[PDB]
Amino acid sequence: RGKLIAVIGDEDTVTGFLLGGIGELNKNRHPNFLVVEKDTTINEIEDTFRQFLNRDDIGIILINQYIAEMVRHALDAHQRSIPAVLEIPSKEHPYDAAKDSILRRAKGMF
Amino acid sequence: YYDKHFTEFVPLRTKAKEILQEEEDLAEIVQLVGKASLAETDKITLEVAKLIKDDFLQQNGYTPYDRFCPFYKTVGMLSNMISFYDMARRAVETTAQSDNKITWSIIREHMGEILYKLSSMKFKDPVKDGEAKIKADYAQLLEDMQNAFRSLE
Amino acid sequence: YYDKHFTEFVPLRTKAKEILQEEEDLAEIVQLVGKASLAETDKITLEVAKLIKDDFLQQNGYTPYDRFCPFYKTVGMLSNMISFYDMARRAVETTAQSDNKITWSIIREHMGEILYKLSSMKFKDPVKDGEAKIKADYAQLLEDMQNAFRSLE
Amino acid sequence: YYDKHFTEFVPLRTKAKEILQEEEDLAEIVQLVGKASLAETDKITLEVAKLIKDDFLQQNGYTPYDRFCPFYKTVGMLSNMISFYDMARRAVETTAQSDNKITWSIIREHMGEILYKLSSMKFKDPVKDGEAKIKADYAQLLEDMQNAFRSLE
Amino acid sequence: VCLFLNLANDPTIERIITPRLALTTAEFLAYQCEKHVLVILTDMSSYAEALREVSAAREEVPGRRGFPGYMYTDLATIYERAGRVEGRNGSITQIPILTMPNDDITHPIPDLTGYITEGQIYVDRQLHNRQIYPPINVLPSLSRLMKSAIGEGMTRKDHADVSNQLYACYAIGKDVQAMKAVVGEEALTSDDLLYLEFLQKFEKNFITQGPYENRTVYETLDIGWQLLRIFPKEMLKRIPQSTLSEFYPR
Amino acid sequence: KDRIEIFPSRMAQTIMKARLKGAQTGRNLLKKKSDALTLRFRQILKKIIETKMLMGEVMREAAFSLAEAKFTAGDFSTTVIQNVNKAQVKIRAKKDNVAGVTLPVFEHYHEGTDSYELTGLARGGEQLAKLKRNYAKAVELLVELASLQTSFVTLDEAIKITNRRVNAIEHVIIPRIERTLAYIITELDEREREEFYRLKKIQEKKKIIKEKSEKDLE
């Protein structure tokens with residue numbers, strides 16, 4: 001079977017990847033993304049993250065690097081081998097390796 | 001006997017055995033995480049342990065220069081290798097936590113000639129060279145390395 | 001004899017022997033995988049067997065509290081250690097069917113004082129403490145376990 | 001004697017002993033790596049080694065088809081099992097580096113009836129079947145083998 | 001050839017006499033008639049199993065593993081009837097064949113033979129089961145003296161260099177064959193595939209010979225080069241660049 | 001505990017030599033596995049760092065390019081976000097089996113249908129065409145990066161499992177066998193001495209009986 005990528009992020013980043021063709025609705029009408037409006041609570045972000053990592057259709061989750069640091073508890077607690085998670089930069093937000101949970105494991109890294 | 005005739009040699013022997021033991025201990029770290037991961041002191045310890053293993057302790061007895069090796073030649077060789085070790089280690093440790101810092105590559109760049117001489121000293125020949133000539137070359141390498149390290153720190 | 005004077009003992013002897021056997025079976029795996037991969041019931045088995053090994057099987061005969069150990073003290077310690085085992089196992093098995101899963105570490109961190117009381121039972125001394133006093137302390141430990149496990153459910 | 005009466009048998013004897021030895025090496029490593037490291041030749045080797053071990057070297061002490069096996073039957077069985085090895089191995093090696101490669105799994109599908117026949121060869125009965133009848137059935141298996149491999153090539 | 005046969009059912013003391021008889025003849029041919037001699041002894045284990053009987057006949061108490069303690073001397077007194085000698089051309093060379101009991105090198109028969117003799121050669125059950133004849137395993141084998149049998153004037157100048165490099169490539173080939181079985185062919189480098197193709201061709205052309213094909217040292221070295229030519233010139237690391245320049249070309 | 005306790009016999013010496021060759025072969029086979037896994041693991045780690053370095057600049061260019069669309073197309077973002085049905089790009093899970101272990105990875109796939117094709121037809125469509133292409137390029141690096149992540153994490157666990165087996169062989173199985181083989185060789189030699197002593201004392205009694213039997217002729 002196939003899988004899809006999913007997004008948790010700001011309106012601009014979500015808009016970008018939607019024109020990049022990322023956007024789809026599950027059969028239950030739920031999207032494969034959350035637009036994190038400034039008014040959104042941490043519980044909506046974390047619930048969406050926990051839904052996306054447990055969902056059958058989603059293979060990869062993309063999280064804006066600043067949102068990844070908000071949801072850091074669940075993001076570091078996620079330790080399944082298959083469903084991947086990516087912390088990504090954005091225009092008013094941090095760089096691509098900020099606190100990165102994978103890079104911090106390696107002995108061979110500089 | 002060494003106190004009467006070779007009074008510096010007991011220190012040198014002790015330091016040599018320690019440098020070699022440290023090579024075997026450091027080789028585990030090199031096998032785990034590579035030579036690049038070691039401290040500067042430990043990198044220069046592998047370089048001197050290499051000189052000791054490659055040009056002090058090895059001796060090809062078929063060559064005219066190594067048919068035999070007098071004790072004075074043996075002391076002079078080890079004295080220079082460990083004098084280089086102490087001066088390199090002082091230069092590294094004196095620049096610890098500094099902006100500009102000494103390392104094996106700087107030493108090899110600015111005084112790779114002294115590393116070349118420390119190997120080359122094995123070729124000196126008690127049959128063709130007088131004891132004074134041999135001792136003088138060893139004393140000159142001590143002065144050369146001291147000036148060379150003094151130009152860095 | 002036990003069926004006439006100590007009707008509780010034969011079950012306790014059986015469970016204690018089994019728990020020690022299961023820990024020695026688990027140990028053969030731990031010695032090649034580490035302490036982490038075991039199921040929580042098996043962690044409880046291993047830790048309880050360590051309590052049985054260190055605070056029941058061991059007895060320091062050159063100290064007043066372990067110089068002698070009557071049968072009523074001996075069976076009372078078993079009743080407490082096995083009551084802990086059955087309740088700790090039951091608490092996991094009752095809740096591992098759900099996200100509200102009790103674990104060996106939850107039990108340990110909620111019951112550290114009860115584990116200390118359990119290990120301390122050897123120090124009770126028939127020279128100073130009456131039989132009823134040792135029994136009453138051990139009965140209080142049984143009640144403390146029951147109320148602590150009821151506080152995890 | 002074989003070069004007078006059974007000229008094919010010496011090649012078969014050598015190929016048999018080779019396959020049965022390659023099984024010991026492969027059956028060791030698979031305990032630590034599973035199937036994942038095996039080449040298609042090695043999968044074919046294990047399959048034919050299992051056929052030889054289970055359906056040629058295996059023999060029932062107490063049933064008429066196996067109580068005694070004459071040499072005409074014996075060479076015919078081995079000839080088929082090793083002809084499968086050479087043809088299956090050839091099919092892989094012939095399609096290695098191509099846009100599509102014949103695998104052991106493709107072979108296992110398309111040869112399934114031949115594999116059932118190969119394992120069944122042992123049940124042909126020298127009492128109720130004449131040796132010419134057994135040989136004719138075994139020749140039909142060789143023709144069926146050729147036509148089944150021609151589905152792949 | 002002079003051939004002595006002692007049958008399995010011949011008198012056990014004649015089995016003791018047979019080596020002493022053969023070597024006495026070989027000493028006559030070598031040291032008096034100036035011959036070069038190769039003395040082949042076919043099973044020293046059957047001799048040890050005879051010396052045990054003569055020892056039991058004198059009611060001597062058995063030594064280690066039931067053999068007489070003095071077997072080291074008796075075995076030496078057999079084997080040391082060998083060598084070249086001052087002012088003579090003659091020389092007894094010797095090959096004591098020896099069936100290791102229970103396949104085990106620790107057994108006193110091979111153990112004492114390894115103390116007296118200069119080296120050993122192994123027949124190997126693995127090569128035998130693979131139908132490689134002769135099944136001589138090169139890796140645990142060692143001709144202790146080989147450095148004075150070979151080279152310029154004695155054979156050809158390349159021989160030691162060839163033998164060292166063939167040994168290294170067979171050792172690395174066995175290691176890479178084990179690696180293939182662990183990692184799969186896709187994980188092998190081009191150089192690994194060379195040591196593995198060398199390994200296959202080496203067993204089929206160098207070790208394999210068949211019972212009646214006779215090869216000179218010279219033909220063996222040329223087969224050696226036909227195998228070593230599989231590698232790049234630079235990969236043949238134990239060989240000197242002069243020997244490669246004279247013999248790597250084919 | 002410290003030994004296997006097979007009873008001292010020449011059989012047991014053979015079986016313990018065979019068990020030692022077995023365990024030592026197992027160590028060597030698993031050492032090759034650990035080395036091959038270690039090499040791939042360190043390669044993948046460098047590819048992760050490099051892939052993140054590549055991703056950052058492409059993402060910054062894409063994130064700035066959206067502002068150009070926001071300049072000419074207005075708040076097109078609301079129409080984009082509100083109107084969703086089916087993706088133009090999706091993924092498939094795939095495997096490698098190198099060094100005897102399954103490593104999960106992903107591949108990028110394209111479904112043709114542009115669910116935003118007419119967006120900004122009236123104005124801004126030049127900028128929106130650049131914009132879709134920039135993020136559509138970024139996604140393929142993300143699919144690769146995610147594959148490196150899952151591979152790296154799986155290799156780390158496989159190396160730990162392999163090194164536990166290698167060291168359990170080197171520090172538990174081989175030491176039990178070598179200490180057992182020493183006990184077998186020792187007790188085998190004890191039986192050989194006990195036999196030697198009995199045979200020697202028998203031989204002395206026989207010599208006494210022979211000497212007495214000759215003395216009895218007088």
# chains A, B, ... in the order shown; residues from 1 in each chain; ligands from 1
>>> calpha_fit_rmsd(fixed="chain B", moving="chain D")
0.8 Å
>>> closest_atom_pairs(of="chain A", to="chain F", cutoff="6 Å", atoms="only C-alpha atoms", output="Markdown table")
| residue | atom | partner | partner_atom | distance |
| --- | --- | --- | --- | --- |
| A:2 | CA | F:92 | CA | 4.8 |
| A:3 | CA | F:91 | CA | 5.2 |
| A:4 | CA | F:90 | CA | 4.9 |
| A:15 | CA | F:77 | CA | 5.6 |
| A:16 | CA | F:135 | CA | 6.0 |
| A:17 | CA | F:135 | CA | 5.5 |
| A:19 | CA | F:132 | CA | 4.8 |
| A:20 | CA | F:136 | CA | 4.1 |
| A:21 | CA | F:88 | CA | 4.5 |
| A:22 | CA | F:87 | CA | 5.3 |
| A:23 | CA | F:87 | CA | 4.9 |
| A:24 | CA | F:86 | CA | 4.3 |
| A:25 | CA | F:85 | CA | 5.4 |
| A:84 | CA | F:146 | CA | 5.6 |
| A:91 | CA | F:63 | CA | 5.9 |
| A:96 | CA | F:56 | CA | 5.6 |
>>> select_by_dssp(residues="chain A", states="alpha helix (DSSP H)", output="PyMOL selection string")
chain A and resi 11-19+42-54+65-70+72-77
>>> write_last_selection(atoms="N, CA and C atoms", output="CSV table (one decimal), in the first residue's frame")
chain,number,residue,atom,x,y,z
A,11,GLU,N,0.6,29.1,8.7
A,11,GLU,CA,-0.2,29.3,7.5
A,11,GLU,C,0.7,29.4,6.3
A,12,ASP,N,1.8,30.1,6.3
A,12,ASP,CA,2.7,30.3,5.2
A,12,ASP,C,3.3,29.0,4.8
A,13,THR,N,3.9,28.2,5.7
A,13,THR,CA,4.5,26.9,5.4
A,13,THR,C,3.5,25.9,4.9
A,14,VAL,N,2.3,25.8,5.5
A,14,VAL,CA,1.2,25.0,5.0
A,14,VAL,C,0.8,25.4,3.6
A,15,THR,N,0.6,26.7,3.4
A,15,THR,CA,0.2,27.2,2.0
A,15,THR,C,1.3,26.8,1.0
A,16,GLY,N,2.6,26.9,1.3
A,16,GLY,CA,3.7,26.5,0.5
A,16,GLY,C,3.6,25.0,0.1
A,17,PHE,N,3.6,24.1,1.0
A,17,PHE,CA,3.5,22.7,0.7
A,17,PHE,C,2.1,22.3,0.1
A,18,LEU,N,1.0,23.0,0.4
A,18,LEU,CA,-0.2,22.7,-0.3
A,18,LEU,C,-0.1,23.0,-1.8
A,19,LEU,N,0.4,24.1,-2.2
A,19,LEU,CA,0.7,24.3,-3.6
A,19,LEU,C,1.8,23.3,-4.2
A,42,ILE,N,-1.3,24.2,22.8
A,42,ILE,CA,-0.4,23.1,22.7
A,42,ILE,C,-1.1,21.8,22.7
A,43,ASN,N,-2.3,21.6,23.3
A,43,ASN,CA,-3.0,20.4,23.3
A,43,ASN,C,-3.5,20.0,21.9
A,44,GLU,N,-3.9,21.0,21.0
A,44,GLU,CA,-4.3,20.8,19.6
A,44,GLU,C,-3.1,20.3,18.8
A,45,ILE,N,-1.9,20.9,19.0
A,45,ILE,CA,-0.7,20.6,18.3
A,45,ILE,C,-0.3,19.1,18.7
A,46,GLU,N,-0.2,18.8,20.0
A,46,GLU,CA,0.2,17.5,20.5
A,46,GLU,C,-0.8,16.4,20.1
A,47,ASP,N,-2.1,16.7,20.2
A,47,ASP,CA,-3.2,15.8,19.8
A,47,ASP,C,-3.0,15.5,18.3
A,48,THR,N,-2.8,16.5,17.5
A,48,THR,CA,-2.6,16.3,16.0
A,48,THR,C,-1.4,15.5,15.8
A,49,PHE,N,-0.3,15.7,16.5
A,49,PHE,CA,1.0,15.0,16.4
A,49,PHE,C,0.7,13.5,16.7
A,50,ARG,N,0.1,13.2,17.9
A,50,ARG,CA,-0.3,11.9,18.3
A,50,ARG,C,-1.2,11.2,17.3
A,51,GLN,N,-2.2,11.9,16.8
A,51,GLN,CA,-3.0,11.3,15.7
A,51,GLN,C,-2.2,11.0,14.5
A,52,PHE,N,-1.4,11.9,14.0
A,52,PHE,CA,-0.6,11.7,12.8
A,52,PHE,C,0.4,10.5,12.9
A,53,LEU,N,1.1,10.4,14.1
A,53,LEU,CA,2.1,9.3,14.3
A,53,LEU,C,1.4,8.0,14.4
A,54,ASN,N,0.1,7.9,14.9
A,54,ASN,CA,-0.6,6.7,15.1
A,54,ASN,C,-1.5,6.3,13.9
A,65,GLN,N,10.0,23.9,12.8
A,65,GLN,CA,11.0,23.9,13.9
A,65,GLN,C,10.7,24.6,15.2
A,66,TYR,N,10.0,25.7,15.1
A,66,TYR,CA,9.5,26.4,16.3
A,66,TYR,C,8.4,25.6,17.0
A,67,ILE,N,7.4,25.0,16.2
A,67,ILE,CA,6.4,24.1,16.7
A,67,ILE,C,6.9,22.8,17.3
A,68,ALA,N,7.9,22.3,16.7
A,68,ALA,CA,8.6,21.1,17.2
A,68,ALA,C,9.2,21.3,18.6
A,69,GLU,N,9.7,22.5,18.8
A,69,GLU,CA,10.2,22.9,20.1
A,69,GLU,C,9.0,23.2,21.1
A,70,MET,N,7.9,23.6,20.7
A,70,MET,CA,6.7,23.7,21.5
A,70,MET,C,6.2,22.3,22.0
A,72,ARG,N,7.9,19.5,22.0
A,72,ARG,CA,9.1,18.8,22.2
A,72,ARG,C,9.0,17.5,23.1
A,73,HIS,N,8.1,17.6,24.1
A,73,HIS,CA,7.8,16.4,25.0
A,73,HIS,C,7.3,15.2,24.2
A,74,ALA,N,6.2,15.4,23.5
A,74,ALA,CA,5.7,14.3,22.7
A,74,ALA,C,6.6,13.9,21.5
A,75,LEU,N,7.3,14.9,20.9
A,75,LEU,CA,8.2,14.7,19.8
A,75,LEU,C,9.4,13.8,20.1
A,76,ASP,N,10.0,14.1,21.3
A,76,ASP,CA,11.1,13.2,21.8
A,76,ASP,C,10.6,11.9,22.4
A,77,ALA,N,9.4,11.9,23.0
A,77,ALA,CA,8.8,10.6,23.5
A,77,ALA,C,8.4,9.7,22.4
>>> closest_atom_pairs(of="chain B", to="chain F", cutoff="12 Å", atoms="only C-alpha atoms", output="tab-separated table")
residue	atom	partner	partner_atom	distance
B:31	CA	F:35	CA	11.7
B:32	CA	F:38	CA	10.7
B:33	CA	F:42	CA	11.0
>>> write_last_selection(atoms="N, CA, C and O atoms", output="compact mmCIF listing (two decimals), in the first residue's frame")
# COMPACT_ATOMS: atom_id res chain seq x y z
N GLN B 31 40.24 3.36 17.88
CA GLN B 31 39.37 2.33 17.29
C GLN B 31 37.88 2.62 17.53
O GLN B 31 37.06 2.36 16.65
N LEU B 32 37.51 3.19 18.68
CA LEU B 32 36.12 3.56 18.99
C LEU B 32 35.64 4.78 18.19
O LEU B 32 34.58 4.73 17.56
N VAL B 33 36.39 5.89 18.21
CA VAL B 33 35.93 7.23 17.79
C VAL B 33 36.93 7.98 16.89
O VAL B 33 36.71 9.15 16.57
>>> residues_around(residues="residue D:125", least_positions_apart="3", cutoff="6 Å", atoms="only C-alpha atoms", output="ChimeraX atom specification")
/D:65,128-129
>>> write_last_selection(atoms="N, CA and C atoms", output="mmCIF file, in the first residue's frame")
data_model
loop_
_atom_site.group_PDB
_atom_site.id
_atom_site.type_symbol
_atom_site.label_atom_id
_atom_site.label_comp_id
_atom_site.auth_asym_id
_atom_site.auth_seq_id
_atom_site.Cartn_x
_atom_site.Cartn_y
_atom_site.Cartn_z
ATOM 1 N N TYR D 65 8.213 -49.662 -0.915
ATOM 2 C CA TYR D 65 8.891 -48.718 -1.814
ATOM 3 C C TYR D 65 10.317 -48.337 -1.371
ATOM 4 N N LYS D 128 5.770 -53.609 -7.298
ATOM 5 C CA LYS D 128 4.567 -53.483 -8.142
ATOM 6 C C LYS D 128 4.799 -52.753 -9.469
ATOM 7 N N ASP D 129 5.852 -51.948 -9.573
ATOM 8 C CA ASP D 129 6.323 -51.303 -10.801
ATOM 9 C C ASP D 129 7.607 -51.979 -11.301
#
>>> residues_around(residues="residue B:20", least_positions_apart="4", cutoff="10 Å", atoms="only C-alpha atoms", output="tab-separated table (two decimals) with C-alpha atoms, in the first residue's frame")
chain	number	residue	atom	x	y	z
B	15	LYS	CA	58.52	7.98	30.60
B	16	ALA	CA	59.08	5.65	27.59
B	24	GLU	CA	47.86	0.95	23.69
B	25	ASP	CA	45.21	2.67	25.85
B	26	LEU	CA	44.73	5.50	23.30
B	45	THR	CA	51.57	10.96	22.52
B	46	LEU	CA	50.66	8.73	19.54
B	48	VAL	CA	56.06	10.12	19.89
B	49	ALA	CA	54.97	6.53	20.60
B	50	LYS	CA	55.19	6.02	16.79
B	52	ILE	CA	59.68	5.16	19.77
B	53	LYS	CA	58.07	2.07	18.13
>>> closest_residue(among="F:4, F:197, F:44, F:21", to="residue A:108", atoms="only C-alpha atoms")
F:44
>>> closest_residue(among="D:36, D:134, D:107, D:51", to="chain E", atoms="only C-alpha atoms")
D:36
>>> interface_residues(of="chain D", to="chain E", cutoff="7 Å", atoms="only C-alpha atoms", output="list in words")
residues 14, 17, 18, 21, 29, 33, 37, 38 and 39 of chain D
>>> atom_distance(atom1="atom CA of residue E:50", atom2="atom CA of residue E:13")
7.0 Å
>>> atom_distance(atom1="atom CA of residue E:16", atom2="atom CA of residue E:105")
22.9 Å
>>> atom_distance(atom1="atom CA of residue C:96", atom2="atom CA of residue A:83")
24.2 Å
